[PDB]
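Student: before the rest arrives, take these chain(s) from the complex:
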Amino acid sequence: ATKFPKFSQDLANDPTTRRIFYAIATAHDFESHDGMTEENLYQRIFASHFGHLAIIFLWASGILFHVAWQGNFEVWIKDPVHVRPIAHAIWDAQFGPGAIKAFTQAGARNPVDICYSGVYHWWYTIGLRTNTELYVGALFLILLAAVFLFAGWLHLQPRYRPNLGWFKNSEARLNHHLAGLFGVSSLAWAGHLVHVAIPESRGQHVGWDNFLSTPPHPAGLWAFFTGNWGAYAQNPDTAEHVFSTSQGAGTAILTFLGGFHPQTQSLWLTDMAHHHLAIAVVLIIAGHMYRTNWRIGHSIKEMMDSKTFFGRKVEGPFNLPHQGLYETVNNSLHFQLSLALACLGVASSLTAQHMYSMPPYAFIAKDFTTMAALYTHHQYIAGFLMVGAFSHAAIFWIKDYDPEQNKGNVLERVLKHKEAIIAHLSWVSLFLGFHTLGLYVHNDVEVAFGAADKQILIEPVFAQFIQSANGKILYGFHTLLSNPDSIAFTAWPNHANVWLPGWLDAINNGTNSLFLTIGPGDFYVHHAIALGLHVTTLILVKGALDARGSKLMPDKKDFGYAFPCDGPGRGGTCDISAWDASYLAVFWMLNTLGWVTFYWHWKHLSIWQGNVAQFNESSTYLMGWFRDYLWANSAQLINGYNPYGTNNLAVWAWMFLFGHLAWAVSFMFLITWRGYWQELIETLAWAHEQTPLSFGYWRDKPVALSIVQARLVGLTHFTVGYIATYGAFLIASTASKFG
């Protein structure tokens, strides 16, 4: 009976090595710790978010401190296209002379790392020009992290620790988060853009000792309150304006040209300030929707139980029974966590899908490796958030769901036909894999036997209609913003498409990624992607809806979320838990984003190298994906160190091979299972006891690690090997052809 772990008693009395491991993996499941009340649960959720916010701020201050200290922001900012950003310095005391010389790069006088995060472009756009501005930002974020470490400690003191009623005050939190956390913050950000970022992109230096005196507009503070709002967009930046200088600059601070800045190939800063200003007002308005304590507002609980639609008998919102859902969502933390992750998983996919097509930061479209890494980062982040959104759906069904409160509501109607949903995800998955693999390997066979004209090539004429419906005149659909005489193009009653000449100038220019040209090769991958999103939804939906149990074991709710099996009886129940559907869907999530990011990378690697006709003519069959993408672009990655030398890709060539090993060692935890290793550890335990001079002896008996743990240990290696291998590929295959 050890002290550790103190949160669970029955794991502290574990005599084996699984209690050190299970303590790590249970240490944050506060709702299952011994002697926990609901009141104490939230007060530890709350106080560990402060400890999390501080880590984000200490991480962010580490970005700033290291480019202030060891970066080349001053050198970079004078030529953001031809010099590489420095991440930090290298101190590996076991480099040879070949690695010092190779990694002494980008105008540095010491080994350094090339920043592929884009923070240089982000800071250059938001108005940071000196290293000292970066340093005081780093110091401020350290102290801002301090006031959240203190606040977290503060709200565990009994006199400051909030009560359960404060946490379950859903209407008051939504009102402030909409109005203040998002509304005021985006209003404040438009304040920075108007006061600092926009003026400093026109040359004038605005700082903390300067900003109180110089107004951002000549008509400041008076055109707003009179109502003469148009004064803020009188003369905008011209098309010959060059960034961070006064030549070509205007005076408009809130103007809505749309499209791209012709010199940075990014969105206009004045167009962003006007954006967050509009978003703020919409968000602040949205934050006055729910009544807090002023009996003017909405009550979410009553918006559920309402059954009267202007006197007409209805069953609830949208004529669907939502009664009891307020007390279901409000008391469930996993329902709330599932919704939050699902909404960050969309906001992070949406981040990736928009920041490549519509680059926000200056000169980021000309930094291909940064642009490529940022997409792959946020899509992989979004894939994990989507898996966790459906993980906590499965926890929600098991632990904090009851049929009594939710009797007859919209949530209980889903369980009534959970097999109709799963059977249909099964059909779509089967449909999309038979006719995408079958169409790829038909194209393989025809190209293999020379008859490349016998490929089945389906033009994606529906997405090409979208592009034509947004402005792309390339295809010739000639409708609806491709038709200059249409109702939508002109907006006949008002003609207020001030955004349209600038946008159509950008969408119809072929040198950007905004609405890329789409061909038959793009058709097939969007069905691989659709097949991917459907199977990994099928695995997760099956795991959430069968978390309560199915005919193979109808009592899964009693066994918890993560259990191995229910023995070999009834045929065998390996991987039966709802946890094993989250485990099984990480493979499909990684696979699917290994199709999204492979397709994003190869499509852009063909545009960037000018060989666009390589992707269009060879992405329709699977060998082209294998010869023209993987085999072709590995050449300079694997030659990062050869017998004849070593270059700046020697670390990417090493992590590429590192991730192959981390991937392969995953198969050990995934293929060979527990009882093999226990009979082998039982033998090594015999050898240690019987041998002389071995004076150590285990405090806790060595056992082969458990069933649900190896599935997690092997899933971590598969993931780390999936990310180190592709991270090294994507960085080295893009930052070797180019700068």
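Tutor: Everything's here; your move. Residues are numbered from 1 along each chain as shown, chains lettered A, B, ... in the order given.

Student: For the stretch 101-250 of chain A, just list every one of the strands.
Tutor: For the stretch 101-250 of chain A, the strands defined by DSSP state E, counting those that start in this stretch occupy A:112-114.

Student: which stretches of it form helices?
Tutor: A:119-126, A:131-154, A:164-167, A:170-176, A:185-192, A:198-200, A:223-226 (DSSP state H, counting those that start in this stretch).

Student: Would you format those helices as CSV with mean neighbour count and distance to residue A:708 included?
Tutor: For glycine as for every other residue, the C-beta is placed from the backbone atoms N, C-alpha and C. Formatted as CSV, the helices of the stretch 101-250 of chain A follow (neighbours: other C-beta atoms under 10 Å; distance: least, C-beta to C-beta, whole Å):
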stretch, mean neighbour count, distance to residue A:708
helix A:119-126, 23, 39
helix A:131-154, 16, 31
helix A:164-167, 13, 31
helix A:170-176, 16, 34
helix A:185-192, 17, 41
helix A:198-200, 24, 54
helix A:223-226, 12, 60
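
Student: Same list (the ones you listed) but as TSV, adding distance to residue A:682.
Tutor: Output for the helices of the stretch 101-250 of chain A, formatted as TSV (distance: least, C-beta to C-beta, whole Å):
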stretch	distance to residue A:682
helix A:119-126	52
helix A:131-154	45
helix A:164-167	49
helix A:170-176	54
helix A:185-192	58
helix A:198-200	69
helix A:223-226	78
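
Student: mind checking which of those is nearest residue A:300?
Tutor: helix A:170-176 (6.1 Å; C-beta to C-beta).

Student: So what touches the closest one?
Tutor: A:287-293, A:297-300, A:326, A:329-330 (C-beta atoms under 8 Å, 6 or more residues apart in numbering).

Student: from these, which single one is nearest residue A:557?
Tutor: For the contacts of helix A:170-176, the nearest to residue A:557 is residue A:329 (19.5 Å; C-beta to C-beta).

Student: Test my guess that the closest one contacts residue A:335.
Tutor: Yes - counting by C-beta atoms under 8 Å, residue A:329 touches residue A:335, with 5.1 Å between them.

Student: contacting residues for the closest residue to residue A:124 other than its chain neighbours?
Tutor: Among residues not flanking residue A:124 along the chain, residue A:362 sits closest, at 5.4 Å (C-beta to C-beta, 6 or more residues apart in numbering). Applying C-beta under 8 Å, 6+ apart, we find residue A:362 in contact with A:80, A:121, A:124-125, A:243, A:261, A:264, A:266.

Student: can you add chain B next? sequence is:
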Amino acid sequence: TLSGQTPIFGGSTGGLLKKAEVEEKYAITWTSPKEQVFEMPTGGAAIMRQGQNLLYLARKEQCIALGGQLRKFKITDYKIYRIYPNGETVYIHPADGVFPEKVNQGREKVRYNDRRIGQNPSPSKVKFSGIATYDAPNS
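Tutor: With chain B now in place:
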């Protein structure tokens, strides 16, 4: 207590380890009418004696693995003891002197639920309570 002659066995590697004399240890005691050979639960083969046999095993599963082997020699008079390191010897199998397949009087329904397994309560009912859904004093 316990006593008996140990079977003819050349000693194995699968036998007792340091857990035997430190945590606790088991002993199976049976009587055989014949001098035949049985399979050792710790690997190998040993010749069981003519009178009272005594064998020391590390865990209870081995003893009942061996006990199930003795029933194939038509021997059902074996007794399994549990030797704590301080030295006292408990009788644990068969606990009442008759084999557990048989039904006695005086044994009690222990860990019996008076409901179908289907109507165990949902985990939300026992939320933030000491009990689990399967003890559940309702029904």
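
Student: Residue of chain B nearest chain A, please.
Tutor: In chain B, no residue comes nearer to chain A than residue B:124, which is 4.3 Å away by C-beta to the nearest C-beta.

Student: which SS state does that residue fall under?
Tutor: At residue B:124 the chain is in coil, as set by DSSP: H, G, I helix; E, B strand; the rest coil.

Student: With adjacent residues omitted, what lies nearest to it?
Tutor: Leaving aside its sequence neighbours, residue B:124 sits nearest to residue A:402 (C-beta to C-beta, 6 or more residues apart in numbering or on different chains; 4.3 Å).

Student: residue with max distance from the center of chain B?
Tutor: Going by C-alpha atoms, centre = their mean, the residue of chain B most distant from its centre is residue B:124, 37.6 Å out.

Student: Spell out which parts of chain B neighbour chain A.
Tutor: B:13, B:17-18, B:117-118, B:120, B:122-125, B:127-128, B:132-134 (C-beta under 8 Å from any C-beta of the partner chain).

Student: Going by distance to residue A:57, which of those residues wins?
Tutor: For the residues of chain B next to chain A, the nearest to residue A:57 is residue B:128 (32.9 Å; C-beta to C-beta).

Student: about what we covered before: now the residues of chain B next to chain A: which count as buried?
Tutor: B:120, B:122-124, B:133 (16 or more other C-beta atoms under 10 Å in any protein chain shown).

Student: And the residue of chain B closest to chain A, how far from residue A:37?
Tutor: Plainly put, residue B:124 is 15 Å away from residue A:37 if you go by C-beta to C-beta, to the nearest Å.

Student: show me what contacts the residue nearest the centre of chain B?
Tutor: With distances taken as C-alpha atoms, centre = their mean, residue B:60 lies nearest the centre of chain B, 4.2 Å away. Going by C-beta atoms under 8 Å, 6 or more residues apart in numbering or on different chains, residue B:60 touches B:26, B:80, B:82, B:92-93.

Student: May I see the ChimeraX selection of the buried members of those residues?
Tutor: Applied in ChimeraX, the following selects the buried portion of these according to 16+ other C-beta under 10 Å:
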select /B:26,80,82,93
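
Student: backbone phi and psi for the closest residue to chain B within the stretch 351-500 of chain A, please?
Tutor: Closest to chain B within the stretch 351-500 of chain A is residue A:402: 4.3 Å, counting by C-beta to the nearest C-beta. Here is the backbone geometry of residue A:402 (degrees, to the nearest 10): phi -130, psi 150.

Student: next up, chain C:
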Amino acid sequence: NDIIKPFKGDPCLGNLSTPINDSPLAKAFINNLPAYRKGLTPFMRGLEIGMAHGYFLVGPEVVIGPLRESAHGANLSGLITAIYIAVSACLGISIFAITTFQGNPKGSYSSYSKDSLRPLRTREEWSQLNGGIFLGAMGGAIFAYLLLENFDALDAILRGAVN
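Tutor: Adding chain C to the chains above:
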């Protein structure tokens, strides 16, 4: 209520329970220093105390000593200072042990003393302490001497200059 209590609950004791002497962090640090760590022979108490001191005591003489001007001679002057300070210190605790442990130590080393801030009350415990303090402060002095006289060779290998 108040954070400053009477010392272990006895108001008549001449001390206070304060965040510096009676804190969960401060008690955990002091009571695991080698002077107070539970489970150490007095030799390992002194050995770990000695090496911490012999190590740092060669410093203040090799860079602001009289020999600091040269390189090979500076390290000798710093080592012997740690040799002399420790030998005279270990002379001090051999004669401390002789003169306090003489039948009924007048003070905190009496049999009925119940003092936690000095738990070595035996003269079987103060003799292994002397050996540990000595051999520790000698090895620490030599290790800090070897690391300093080889500083150019050590500066290269923590800079990768040796490939």
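
Student: The contacts of residue B:60 again please, this time with chain C.
Tutor: So residue B:60 contacts B:26, B:80, B:82, B:92-93 (C-beta under 8 Å, 6+ apart).

Student: Now with 10 Å, please.
Tutor: Residues near residue B:60 by C-beta atoms under 10 Å, 6 or more residues apart in numbering or on different chains: B:24, B:26, B:28, B:67, B:80, B:82, B:92-93.

Student: Check the gap between it and chain C for me.
Tutor: Relative to chain C, residue B:60 is positioned 36 Å away (C-beta to the nearest C-beta, to the nearest Å).

Student: Likewise for residue A:538?
Tutor: In terms of C-beta to the nearest C-beta, residue A:538 sits 51 Å off from chain C.

Student: ok, now residue A:321?
Tutor: From residue A:321 to chain C the distance is 53 Å (C-beta to the nearest C-beta).

Student: which ones are touching that residue?
Tutor: By C-beta under 10 Å, 6+ apart, the neighbours of residue A:321 are A:304-305, A:307, A:314-315, A:406-413.

Student: ok, now which ones touch residue 74?
Tutor: Went with chain A since none was named. A:68, A:129-132, A:134.

Student: The chain in question should be chain C.
Tutor: Residue C:74 neighbours (C-beta under 10 Å, 6+ apart): C:58, C:61-68, C:148-149.

Student: just the buried members of those?
Tutor: C:58, C:61-62, C:65, C:67, C:148-149.

Student: can you put those residues in TSV and add secondary structure?
Tutor: Supplementary listing: those in TSV, determined by three-state DSSP:
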residue	secondary structure
C:58	coil
C:61	helix
C:62	helix
C:65	coil
C:67	coil
C:148	helix
C:149	helix
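
Student: Need the max-distance pair from the residues you listed.
Tutor: Of all pairs in these, the most separated under C-beta to C-beta is C:65 and C:149 at 14.4 Å.

Student: close enough to count as contact, residue A:628 and residue A:619?
Tutor: Yes - contact criterion C-beta atoms under 10 Å: residue A:628 and residue A:619 qualify, at 8.1 Å.

Student: Give me the more crowded residue out of these two.
Tutor: Neighbours per residue, other C-beta atoms under 10 Å in any protein chain shown: of residue A:628 and residue A:619, the larger number sits with residue A:619, 25 against 19.

Student: Report the contact partners of the more buried one.
Tutor: A:440, A:443, A:519-525, A:599, A:602-603, A:606, A:625, A:628-629.

Student: and if you look at residue A:686?
Tutor: Per C-beta under 10 Å, 6+ apart, neighbours of residue A:686: B:13-14, B:17.
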